[PDB]
Structures are given as structure tokens and as C-alpha cells.
Peer 1: 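I'd like to ask some things about the structure below.
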Amino acid sequence: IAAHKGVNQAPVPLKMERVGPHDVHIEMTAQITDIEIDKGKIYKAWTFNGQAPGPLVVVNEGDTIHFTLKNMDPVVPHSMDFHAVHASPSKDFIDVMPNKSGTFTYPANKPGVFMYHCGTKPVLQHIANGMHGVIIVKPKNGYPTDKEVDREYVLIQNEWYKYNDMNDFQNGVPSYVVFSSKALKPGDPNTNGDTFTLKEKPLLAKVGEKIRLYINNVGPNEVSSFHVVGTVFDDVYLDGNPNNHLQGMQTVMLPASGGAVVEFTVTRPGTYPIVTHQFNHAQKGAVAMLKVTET
Amino acid sequence: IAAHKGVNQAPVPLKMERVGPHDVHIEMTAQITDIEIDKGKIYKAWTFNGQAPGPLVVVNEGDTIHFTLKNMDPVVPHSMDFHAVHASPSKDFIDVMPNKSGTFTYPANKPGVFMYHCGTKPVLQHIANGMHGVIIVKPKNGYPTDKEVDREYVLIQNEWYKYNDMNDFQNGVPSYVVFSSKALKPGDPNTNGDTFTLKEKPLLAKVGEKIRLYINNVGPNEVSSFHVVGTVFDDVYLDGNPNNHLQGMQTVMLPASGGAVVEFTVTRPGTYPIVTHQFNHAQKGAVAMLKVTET
Amino acid sequence: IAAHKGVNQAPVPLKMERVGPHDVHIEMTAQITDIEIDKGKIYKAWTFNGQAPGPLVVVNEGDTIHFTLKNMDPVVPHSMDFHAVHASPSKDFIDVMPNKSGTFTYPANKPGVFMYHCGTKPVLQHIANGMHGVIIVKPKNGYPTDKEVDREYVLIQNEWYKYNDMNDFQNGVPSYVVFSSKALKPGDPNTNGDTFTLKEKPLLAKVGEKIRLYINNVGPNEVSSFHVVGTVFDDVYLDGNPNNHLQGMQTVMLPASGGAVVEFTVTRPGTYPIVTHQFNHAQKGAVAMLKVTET
Ligand SMILES: [Cu+2]
Ligand SMILES: [Cu+2]
Ligand SMILES: [Cu+2]
Ligand SMILES: [Cu+2]
Ligand SMILES: [Cu+2]
Ligand SMILES: [Cu+2]
Ligand SMILES: [Cu+2]
Ligand SMILES: [Cu+2]
Ligand SMILES: [Cu+2]
Ligand SMILES: [Cu+2]
Ligand SMILES: [Cu+2]
Ligand SMILES: [Cu+2]
Ligand SMILES: [Cu+2]
Ligand SMILES: [Cu+2]
Ligand SMILES: [Cu+2]
Ligand SMILES: [Cu+2]
Ligand SMILES: [Cu+2]
Ligand SMILES: [Cu+2]
Ligand SMILES: [Cu+2]
Ligand SMILES: [Cu+2]
Ligand SMILES: [Cu+2]
Ligand SMILES: [Cu+2]
Ligand SMILES: [Cu+2]
Ligand SMILES: [Cu+2]
Ligand SMILES: [Cu+2]
Ligand SMILES: [Cu+2]
Ligand SMILES: [Cu+2]
């Protein structure tokens, strides 16, 4: 895109604030940002806030979101679709023009680990170019296993294709499949979907801990066979809804846009790979590491 | 196929009648019918009754089906496999020759949303060319959420490939992925698997309604990540069996041949896309619309 | 691989023995063995024990496994990852050099139907070349439906690609997708993943029986839509964990590495195909048969 040549918009922090017991303001950008998706490979991503996947959003069950999108893209319209919410797509997930802002309000009444993404046609193009993310809605009554959890992280799986190539997006295999982590607490890593960062800078944990991962596979196109090497999931909640409770899974199948909360124990010191078990995708980037130490 | 050149057999209505408290007659055709699968694109489909997917069948749990296939195809044998039933495949899902009929009887003792299809080798060829459909078996005791449902429709996802091309069927990506709707009550739409009809003529509903969809992904080859934009599934029953109850799903993964009953609330007026969230497939046709109005 | 030219190591039996109430020794080989994967097609597989998938392992919930791998491969290192166990991957699933042995100990505390495989980088290469299998962990308290089961077998789904071709492994469609069966009791068949053996020599059962299948789809890359023609699954336990209980499924979606215990009744004499319902994969080999007789 001629108006994107040379564009590299610095990442802008997510802006959130609570404005009532059940009401939260969120402000995001749509912006054009170079991201190194594999060593030596820059993708001029279409993004929320200069991250791909975008920044993590966390709300409480029952919160109404008053969402603003500020479109920094000089030429392409963008929009926002939160899978968490009940909304009229043709009124509430509509386009914001270049250099404009739009505000939309809708309720998050369901707990879970939801995808968000740009909803502008062609949606495949906007997703594939980077405009995806996760919103977590915390359940009012928690999860039954909350008390057993020692540590938690968020992981997101995505694919990358040939740059802005719709033929490839629709017909081709992914060039890369990747994990990213988005921070829940200070100190947590916050990374973009790339083939290497979570190998070089593993997630951390201690021996004996029960680890919770909030996970979502945002696609655009593939399903995920999510697995932690050297463990078994003690408990899984599909889509992060507490009622959708499975036990003792080795591998959790996630549809495109599918989420889960998974929990597992790391019993020994060492480094534990985290994969999609579709190993063509793992080979093409989708392996993260978890480094478990006596500390 | 030389004997299919110029063949375009007019659609024939499904014939059903109840013949006892637990016994139902069904008569279908196998026939060769031109269907416009995308604008300007005619596929000379292999079909049940001149529809692809075929006509909807609905029975009650515990019904024995006395099924007749009348094969109108001038040269290819065809057969019928109902996933609802318990049957001997090598006696009961056998071939009917051109210009002949066959009658087979078997019981539907399980509730749910089942695929049916032609079972003639190579099965991939017969499925891919159009010979798939849905049979709904209504549970004797209903679903626990029946009383909350305001309106219902049936949707079916399928793919289309390069015409009668086995190499493509086995090795290629789909050319189109599509939704169709099949009528449960008078007035409901009844459409074929195409890229456009359910965009141009959305399904209808009113503001505030809880909508039930009976869905099946008949393939032949892909899995589906079924999602309604602007809502969350309140309740999902996998395969339509009442016991397989999930809550609060954003997206339901369906295997090839997989079914579900899903229920969701539309809270605001507007048009709500219905997709598979594998967006390469959505781009290639698999988006239907639901138009929600104050009436 | 130059050092694999002309290598065809005769299959070696799995060695197992119990050494305490909760402790079991297992000894396997890594070895290079020609397997006929389709008629006329030899694949010089990388294997455990000269089988691909490898030999079946069955332990009890709560058993600690003291596992030895004897690497017979003249030039490539190999390793073992059991999805059943809790282990440190970087200490316990490490490489064994050519012509060496390694011993690793870890506990199987979760019931189910778990994949095992070689864990040597690149893992895709080692899996794709044949180094996969199943370990069954029997639940201490059984399954609630145990008393209804008349007969049982183990099936495994895998793919085969172009020989040792990483480009194909990562980017190409499978050349074959296959089922194998691994023996639970004397007399049961024990076969390799090929396109034909379970067609020519169907699994056997009697009319009226309830059949349990322990199934795993080891991939490397595809998901499976597992279905038995002419029946419906009465009961399904995802990953073989008794708590993950579904009823009345027509088709069970399995992720890559995903397992299940499925149970179904065969009501009439005849031959019942067993498929993945992704029919491109079925066409490419993944159909087994079950022959049901009055005896
Ligand atoms: Cu309040
Ligand atoms: Cu506000
Ligand atoms: Cu956009
Ligand atoms: Cu979406
Ligand atoms: Cu792919
Ligand atoms: Cu702890
Ligand atoms: Cu593992
Ligand atoms: Cu574990
Ligand atoms: Cu539970
Ligand atoms: Cu009666
Ligand atoms: Cu009759
Ligand atoms: Cu046919
Ligand atoms: Cu079928
Ligand atoms: Cu495909
Ligand atoms: Cu209502
Ligand atoms: Cu949505
Ligand atoms: Cu909803
Ligand atoms: Cu329930
Ligand atoms: Cu004991
Ligand atoms: Cu020992
Ligand atoms: Cu190996
Ligand atoms: Cu594994
Ligand atoms: Cu494939
Ligand atoms: Cu019996
Ligand atoms: Cu069937
Ligand atoms: Cu059955
Ligand atoms: Cu149950």
C-alpha cells in the first residue's frame, strides 16, 4: 500500500480505566507497525496499539465496555469486534475512517478467554495482517480450582502469511505459526507473535507449581492442538467458562478463535516446551518455553 | 461424465410420511442437478432430490426409518448412509443402480443433528459432488433450554472443489466453503450451499430473541469453527445430544460430519454475520447473515 | 541418509515387566525398519521397535515407568516423550546417541490414551518418519461403562509424507493417512500404519456387542474426525479420562496427539467401515474395517 511505504508507528499503550462498578473505558489505536516475526523477517503489521496480537484487555463479568478506536492508519478503515460482548455488528463493530475515532458501548456478561479482532471487510485481510487479540472476562465466582493455582500467564497462537497477500491468506499454508504472551501482572512478559522470543526468554515458574494458562488461538485459519510437554492438564475450562470443565487432558483442541483456561503442574526442574501438536505449525514457530527452577 | 452432459434434473420434493407411532417412510432421489454455487458458477451436482446439501429430514427419537432411494442418475450408482441410524453398512447402505430403487429399514434411537450422505465408493467423490445432508432426531425429552428458545433454523456448512476432480478433492484447498439453510417450518428458507443467498436474503429474527441453530458441518474435508458475530452461545449441545451440554462458548469446533445445537441471544437490532472463524473459508463463501429487527 | 542406505533392522519385541505394585520397567529400541505403507510403497521408517506406530504400552494409573531406550540407529540420536507422564523434558526426554542406551523414570498418574513419540529436534522430522505410538494408562476405578463392554481394540491414526522430506512435512498435504491396530490381548491383531491391512484383515466382532476402541490420532499434522459407519458412539471419554464423558456422538474430533475411549454397539451382521470423516484423508488410506458376524 503506497500510503504505508515507510510507515512505522511507534506502539501506543492501551488506555483503560474503570468508570463505575460495572463500567470500564478502553481506548485503542489502529496503527501500522513493523514487527520482527522471525529472525530477519519484518512484517509491516496492521495492529491494535502497535502490538500483534494486540494488547491484553481484562474486565470483570458484567462490565460494560465503552470502547474507543482511534484509527491512525493513513488510508485503511478499521474496526473492533470483541467476542466477549453482545452487540449489534452492523451498528457497534463498524468502521472508523483514517484519522478519526469511534466510540461503542456493549456489555461483557459471559466469563472467558475471548478473541477480539478488526471486523472490516475483508476480515481475513485485517486479521491476517495482525489485527487480533485477547479479552479476558473474569468470572464473578472464579473457577473452582482458583485456590490451587500458583502462577498464571496468557498465551496467544497466531499465523503469519506472505505480506498482505490475499491469495496466500485464502489458499496458502502459513509461513509462520507463533505464540505470544501478554502481561497480566507487573513483571510478566509482553511479547508479539514471533518465532523466537518465548524460546530465548522462556516463561518462568518454580518446581511444584500449578500453572494456569489463559490461551486463545486467534488463527486466522488454523486450529490448534495445544499441549505442554512433560505434563498433563489437570483441569481445562473450554472458552474459559467455568462450567465447561474437563480433566486430565493431554492436548486441548482449539478452533480458530477458540480459548481455554488450562492448568497443569510442573513437577521437576527443567525447560518445558509449549506447542501446538500439529507439528508442521510447531516447526514453523509455534513452540514457547517454560523454564522451571528450584527458585 | 459423458452421460451427464446436458443433464439437469429438476428438483423433486422429499417424500415423507408417518406410518406408525415409531415408524416413518422416507423416499429420496439421487439425481444430477445444476446448482449455482457462486455468482456465475454452475456446478452439475450429484444430489439427493436436486438440492445440495439435500433436503432436511426430521424424525423423532425411536423412529424406525423405511428409506427408499430412487436412483435417477443415468450411469452412476448411489446409496444412502444416515449417521443417525444403527445399520449394517454392507447390507443397508448399499448401492442402488441407475434407474432402480432400493428400500432399507433402520432405527434412529439417538437424538441429535446427524449428517447423511451417499456411501458409494469412492465416498469422497460422492460427498464432494454434493451428496450430503442433515437428519435431525428430536429428543424424546427435549432439551433443558427448550422453553427459552424463540426461534430456530438449520444451517449446514459444506465445501465445493473443482468439478468432479478427484485430485483436487484429495489434495487441493476448497474453492468455496458455504452455508445453506433447510426449512423446519413453513415460511423458513430452504437454500443450497452457495456463497451468496444467505447474505442477500438473511435469516430473520427479532430483537431480544433467543435463537437456536441446528448445525452440521458435512465437509467433505474441513473442520469448522462455528461462530455468530455479536453474541456468545448461551448453550451448546454437541451432536445435538442433550447430555453434551456446554455454556458460554464463543466458537464451536465441529469435526467433518460434526453437529451441534447452539443457542444465543440477539440483543440489538442489526445484521449479525454467521461464520466459520477459519477465515480463509469465510472469505471463500462461508458467511451467512442474520437480520434482527424490532419486529 | 547415507548411513541408512540398505538398513532394515528386524523388529525387536517390546520388553516390559512389573517390578513393584506401582513400578514397571519398559525397554524399547529406536531402529530403522522398512514398512510397506501402501501397496508397493516402502517407507524406511524411523521407529520404536521396528513398528510404526510403535508397540503398545499399557500401565496402571499410578505406575512409575523406568524406561530404557536402546538407540540402534547408526547415526541419528533419538529420545522418548510419553504424554502420560510428568517429567522434566530437558532432563528426562533427552537424546540417546547412536549405539547407546538411556534410562529415565517418571510417573503415570493420569488415566487415559496418550500419545508417545520421539522428542529429538526437529521433532516434526522424527514424528513424521514414524516415531509415534500409544501408551494406555488404565484408570484405578475403571470407566462407568466397563460392565457393558464386550470387546475392545486399539486404533491409531497417522500420516505419511514424502520420505524424510522436511519441506513436505511442513508444507505439503499427507501422501497417506492410515490406521493401525495394536494388540491388547493374545490373538488381537498388531499392525503398522498402512492403507490396507485393516481392510483386508478386518477387526472382528459379534452381532449385538458393545465395542470399545482406544484411539489416538498421533498426527504429525492433521486433526481427525473419527467415525464408525453404521453406529453412533454410546459413550465417549475424551483423552480416555473417565470424567470427560460425552454421549451419543456421531463423530469424535481429535486434535493432533488427541485420544479417546469410544464405545458403540454393532446391531447387525456385516462389515462396518471406520474412518476419519475428513474424506480426503479417508481416500488416502484412513479407512479400517470391522467385520461383525453372528459368531
Ligand atoms: Cu454491582
Ligand atoms: Cu463511558
Ligand atoms: Cu482493520
Ligand atoms: Cu470473530
Ligand atoms: Cu494449513
Ligand atoms: Cu501449588
Ligand atoms: Cu507432552
Ligand atoms: Cu500435568
Ligand atoms: Cu467438573
Ligand atoms: Cu410408543
Ligand atoms: Cu414401511
Ligand atoms: Cu452417490
Ligand atoms: Cu459418514
Ligand atoms: Cu483446507
Ligand atoms: Cu425470549
Ligand atoms: Cu464474534
Ligand atoms: Cu451470546
Ligand atoms: Cu450442563
Ligand atoms: Cu499401592
Ligand atoms: Cu527400575
Ligand atoms: Cu527420533
Ligand atoms: Cu508430544
Ligand atoms: Cu492437510
Ligand atoms: Cu453386550
Ligand atoms: Cu456413519
Ligand atoms: Cu452406535
Ligand atoms: Cu456423564
Side-chain angles (χ1 to χ4, degrees), chain A residues 83 86 89 110 239 255 257, chain B residues 53 56-58 111-115 132-139 142-158 177-185 187-193 197-199 201-218 223-242 244-255 257-267 270-278 281-282 286-292, chain C residues 250:
Chain A
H83 287 194
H86 282 81
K110 301 287 196 190
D239 273 339
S257 81
Chain B
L56 187 63
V57 175
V58 179
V113 186
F114 296 96
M115 180 170 177
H132 40 72
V134 165
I135 177 171
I136 293 164
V137 185
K138 300 180 46 166
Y143 298 89
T145 53
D146 279 348
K147 303 161 185 303
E148 304 170 5
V149 173
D150 299 306
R151 195 174 304 279
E152 66 186 13
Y153 296 114
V154 178
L155 291 178
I156 311 176
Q157 184 177 312
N158 80 268
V177 184
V178 300
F179 287 119
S180 65
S181 186
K182 300 295 184 183
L184 282 164
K185 62 179 185 304
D188 280 352
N190 196 79
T191 69
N192 289 319
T197 294
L198 294 171
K199 294 176 175 64
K201 294 169 212 189
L203 300 175
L204 302 173
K206 305 180 203 234
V207 176
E209 292 186 329
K210 179 164 287 197
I211 310 304
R212 174 181 289 176
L213 305 174
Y214 302 84
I215 65 175
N216 194 283
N217 167 33
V218 297
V223 304
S224 178
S225 292
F226 186 81
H227 180 73
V228 181
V229 183
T231 195
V232 182
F233 304 118
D234 294 321
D235 296 272
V236 171
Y237 309 93
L238 301 177
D239 273 339
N241 185 290
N244 301 334
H245 178 232
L246 301 172
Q247 296 178 246
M249 305 283 301
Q250 67 191 300
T251 294
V252 170
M253 174 94 279
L254 300 169
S257 81
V261 167
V262 300
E263 293 169 3
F264 60 91
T265 302
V266 289
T267 65
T271 297
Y272 291 65
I274 300 168
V275 310
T276 172
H277 220 286
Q278 291 162 235
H281 298 167
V287 177
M289 298 289 180
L290 176 61
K291 182 178 168 73
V292 180
Chain C
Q250 67 191 300

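In what follows, chains are A, B, ... by sequence order, proteins preceding strands, each numbered from 1. All heavy atoms count here, side chains included; hydrogens, waters and symmetry mates do not.
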Peer 1: Heavy-atom count check: over 12 atoms from other residues, nucleotides or ligands less than 6.0 Å from B:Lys147 NZ?
Peer 2: no
Peer 1: Looking only at heavy atoms, what is the nearest atom pair of B:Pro111 and B:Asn241, with distance?
Peer 2: CG-ND2, 3.8 Å
Peer 1: Starting from the C-alpha separation in whole Å, work towards a yes-or-no answer on side-chain contact (heavy atoms from CB on, under 4.5 Å) for B:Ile135 and B:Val58.
Peer 2: CA-CA 6 Å; B:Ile135 177 171; B:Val58 179; over 6 Å; no
Peer 1: Quick one: does B:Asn158's side chain get under 4.5 Å of B:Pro53's, heavy atoms only?
Peer 2: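 Yes, their side chains come closer than 4.5 Å.
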Peer 1: Which residue in the set B:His277, B:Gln278, B:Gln250 passes side-chain hydrogen bond (donor to acceptor under 3.5 Å, both in side chains) when paired with B:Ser225?
Peer 2: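 By the side-chain hydrogen bond (donor to acceptor under 3.5 Å, both in side chains) criterion, B:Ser225 pairs with just one of B:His277, B:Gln278, B:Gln250: B:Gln278.
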Peer 1: In Å, rounded to the nearest 0.5 Å, how long is the span from OG1 of B:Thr145 to CD of B:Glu263?
Peer 2: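 Nearest 0.5 Å value for the OG1-CD distance: 3.5 Å.
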Peer 1: State which residues pass side-chain contact (heavy atoms from CB on, under 4.5 Å) with B:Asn192; sequence neighbours excluded, sorted by chain then number.
Peer 2: B:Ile35, B:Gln51, B:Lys182
Peer 1: Give me the ring orientation class for B:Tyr143 and B:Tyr214: parallel if the planes are under 30° apart, tilted from 30 to 60°, perpendicular past 60°.
Peer 2: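 Ring orientation of B:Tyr143 relative to B:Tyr214: perpendicular.
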Peer 1: Which heavy atom of B:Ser224 sits nearest a heavy atom of B:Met253, and at what distance?
Peer 2: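 In terms of heavy atoms, the two residues are closest at O-CE, 3.1 Å.
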Peer 1: Quick one, A:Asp239 with A:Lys110, criterion salt bridge (charged side-chain N to carboxylate O under 4.0 Å, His left out). Give me CA distance, side-chain angles, the key distance, then yes/no.
Peer 2: CA-CA 10 Å; A:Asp239 273 339; A:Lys110 301 287 196 190; over 6 Å; no
Peer 1: Checking B:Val261 against B:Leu213 for the side-chain contact (heavy atoms from CB on, under 4.5 Å) test, could you report, in this order, the C-alpha distance in whole Å, the side-chain angles of both residues, the deciding distance, and whether it holds?
Peer 2: CA-CA 6 Å; B:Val261 167; B:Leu213 305 174; over 6 Å; no
Peer 1: Answer yes or no: is there a side-chain heavy-atom contact under 4.5 Å between B:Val228 and B:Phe226?
Peer 2: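 SC-SC contact between B:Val228 and B:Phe226 confirmed.
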Peer 1: To the nearest 0.5 Å, what is the distance between CE (B:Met249) and CZ (B:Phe264)?
Peer 2: 15.0 Å
Peer 1: Above 12 or not: heavy atoms from other molecules or residues under 6.0 Å from NZ of B:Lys138?
Peer 2: no
Peer 1: Take B:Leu184 and B:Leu56 through the test side-chain contact (heavy atoms from CB on, under 4.5 Å) and record every step on the way to the result.
Peer 2: CA-CA 8 Å; B:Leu184 282 164; B:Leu56 187 63; 3.6 Å; yes
Peer 1: When you compare the side chain of B:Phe114 with that of B:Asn216, does any pair of heavy atoms fall below 4.5 Å?
Peer 2: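 Answer no - side chains too far apart.
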Peer 1: Can you confirm whether B:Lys210 is buried at NZ, in the sense that more than 12 heavy atoms of other residues, nucleotides or ligands lie under 6.0 Å from that atom?
Peer 2: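 Above 12, so yes.
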Peer 1: Quick check for you: to the nearest 0.5 Å, what is the distance between B:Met289 atom CE and B:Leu204 atom CG?
Peer 2: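 So the gap between those two atoms works out to 13.5 Å.
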Peer 1: Is the closest side-chain heavy-atom distance between B:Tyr153 and B:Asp188 below 4.5 Å?
Peer 2: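 Heavy-atom side-chain distance check passes, below 4.5 Å.
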Peer 1: Less than 4.5 Å apart, side chain to side chain, heavy atoms only: is that true for B:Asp234 and B:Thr265?
Peer 2: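 Contact flag for B:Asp234/B:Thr265 side chains = yes.
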Peer 1: So do the side chains of B:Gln157 and B:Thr276 get within less than 4.5 Å of each other, counting heavy atoms only?
Peer 2: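 The answer is yes, as the side chains (C-beta and beyond) meet within the 4.5 Å cut-off.
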Peer 1: Is the shortest heavy-atom distance from the side chain of B:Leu198 to the side chain of B:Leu155 under 4.5 Å?
Peer 2: yes
Peer 1: Of all the heavy-atom pairs spanning B:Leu254 and B:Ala260, show the shortest one and how long it is.
Peer 2: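 Heavy atoms of B:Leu254 and B:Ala260 come nearest at CD2-CB, 4.0 Å.
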Peer 1: Do B:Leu238 and B:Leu246 have side chains that approach each other closer than 4.5 Å (heavy atoms only, starting at C-beta)?
Peer 2: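 The answer is yes, as the side chains (C-beta and beyond) meet within the 4.5 Å cut-off.
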Peer 1: Any chance the side chains of B:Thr251 and B:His227 put a donor and an acceptor closer than 3.5 Å?
Peer 2: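 Short answer, yes.
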Peer 1: Please find the pair of heavy atoms, one from B:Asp235 and one from B:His245, that lie closest to each other, and give the distance.
Peer 2: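 Heavy-atom minimum between the residues: OD1-NE2, 2.5 Å.
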Peer 1: For B:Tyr272 and B:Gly230, work out which heavy atoms get closest and say how close.
Peer 2: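 Smallest interatomic distance, heavy atoms only, reads CE2-O, 3.9 Å.
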Peer 1: Are B:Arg212 and B:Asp150 ion-paired here, with the side-chain N under 4.0 Å from a carboxylate O?
Peer 2: no
Peer 1: Taking side-chain contact (heavy atoms from CB on, under 4.5 Å) as the test, write out the residues that go with B:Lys206, two or more places apart.
Peer 2: B:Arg151, B:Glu209
Peer 1: So, the side chain of B:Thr191 versus the backbone of B:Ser180: is there a donor-acceptor pair under 3.5 Å, distance only?
Peer 2: no
Peer 1: Mind running side-chain contact (heavy atoms from CB on, under 4.5 Å) on B:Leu203 and B:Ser181 for me, showing each step along the way?
Peer 2: CA-CA 9 Å; B:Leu203 300 175; B:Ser181 186; 3.9 Å; yes
Peer 1: Identify the heavy atoms of B:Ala288 and B:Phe179 that sit nearest to each other, and give their distance.
Peer 2: N-CD1, 3.9 Å
Peer 1: In Å and rounded to the nearest 0.5 Å, what is the CG to CD1 distance from B:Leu290 to B:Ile274?
Peer 2: 5.0 Å
Peer 1: Spell out, as yes or no, whether a donor-acceptor pair under 3.5 Å connects the side chain of B:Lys199 to the backbone of B:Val287.
Peer 2: yes
